[PDB]
Amino acid sequence: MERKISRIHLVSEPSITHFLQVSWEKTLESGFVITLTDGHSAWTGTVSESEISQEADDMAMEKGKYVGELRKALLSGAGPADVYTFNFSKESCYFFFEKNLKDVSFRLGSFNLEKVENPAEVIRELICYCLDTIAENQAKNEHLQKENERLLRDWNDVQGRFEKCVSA
Amino acid sequence: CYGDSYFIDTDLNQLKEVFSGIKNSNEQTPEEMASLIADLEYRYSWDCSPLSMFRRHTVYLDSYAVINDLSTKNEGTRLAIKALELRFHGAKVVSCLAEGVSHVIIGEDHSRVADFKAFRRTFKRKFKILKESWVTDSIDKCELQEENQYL
């Protein structure tokens, strides 16, 4: 069980960012779960292997390359790599990410979204996971600093020993 | 005056003993000693040994950010160990880029290579520019590998 959080902008309300979470079990091929949140109310959606296969039928292009494009769009958030725009019609429940290549436009996918009765639970679990990750990374950082200090000490000792041997 | 004899031959142990006979001698200065080293080598072809073949070469390192500055040491990099190894091989390590320097070692950074070349063109005696890997290989051969391939 793994998941990722990312920041996306909406054309309708550019001034205000929205936060997108994508969670998968083993790999994106089987499917995953998506939630969109904005601090007040959130929507959710699901995707299974059947859905990705239908979309791949629509686009007639490699399964894995579609999966990788989705990976970069939803997880990497790499602006330098051909920025593209995520639009959302809230009332119509249509959250789609249009790809804007130079003088070319593509519709990458279609989606439907449903309003969760309790957005509080999701907007709490998000930040709780975040704080847990922060604590784990702080612990790992401390351990790595300790080990790096040990390595520097050993390097200095070995340098001194080499120097003494050459002097002798 | 010491143990060793004139007429009869002497073997390893004997030499050891006669050396143990003499207490010590520290009336010479480093320059002198090195000079004599070289001299006897030239007199009796002592350069075939795996080491000391660098004795005839003065080696400078690009271990400083500012050439001919002694206040900007870059200790903490492989270059340092390289230099020390050169010293272990008998290479006369020189902290200052003197006109008599024969070998100069440059690491992964080439930013200052041009400057080195200029200095070479300024010197009556030219010193070949060498990389760090040259020695790192030549050690295994215990011999002076051709510098051209490593120019």
*Sort all Cα-Cα distances of the protein assembly as shown into consecutive 20 angstrom bins from zero, then give the percent of pairs in each bin up to the one containing the longest distance.*
20, 27, 24, 20, 8, 1
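Please identify the longest segment of chain B free of exposed GluC sites (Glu not before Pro), where exposed means a DSSP state other than H, G, I, E or B and no more than 11 other Cβ atoms within 10 Å.
B:28-74
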*When all C-alpha to C-alpha distances in the range B:1-65 are sorted into bins of 5 Å, what percent of pairs does each bin hold, rounded to whole numbers?*
3, 12, 14, 13, 20, 19, 8, 4, 3, 2, 1, 0
*asked:* Normalised radius of gyration for chain B, please: alpha carbon Rg relative to 2.2 N^0.38 Å, two decimal places.
replied: 1.32
*Choice from A:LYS140, A:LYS90, A:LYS63 showing the highest fluctuation, given a GNM over chain A with Cα pairs closer than 10 Å*: A:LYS140
_From the Cα trace of chain A, what convex hull volume per residue do you get, rounded to a whole Å³?_
203
*Scan chain B and hand back the longest stretch that contains none of the trypsin sites (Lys or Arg not before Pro) lying in DSSP loops with at most 12 other Cβ atoms within 10 Å.*
B:24-123
_Sequence-distant residues sharing a close amide H with B:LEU97 (under 5 Å, placed H)_ = B:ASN68
_For peptides A:7-19, A:33-45, B:60-72, sequence by mean Cβ density within 10 Å, most packed first_ = A:33-45, B:60-72, A:7-19
*Looking only at other chains, what is the average number of their beta-carbon atoms within 10 angstrom of each beta-carbon in A:161-167?*
3
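So basically every Cβ, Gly included, is an ideal-geometry build from the backbone, and we count neighbours across all protein chains shown. We did not get these values from a lab; they are worked out from the coordinates using the rules stated.
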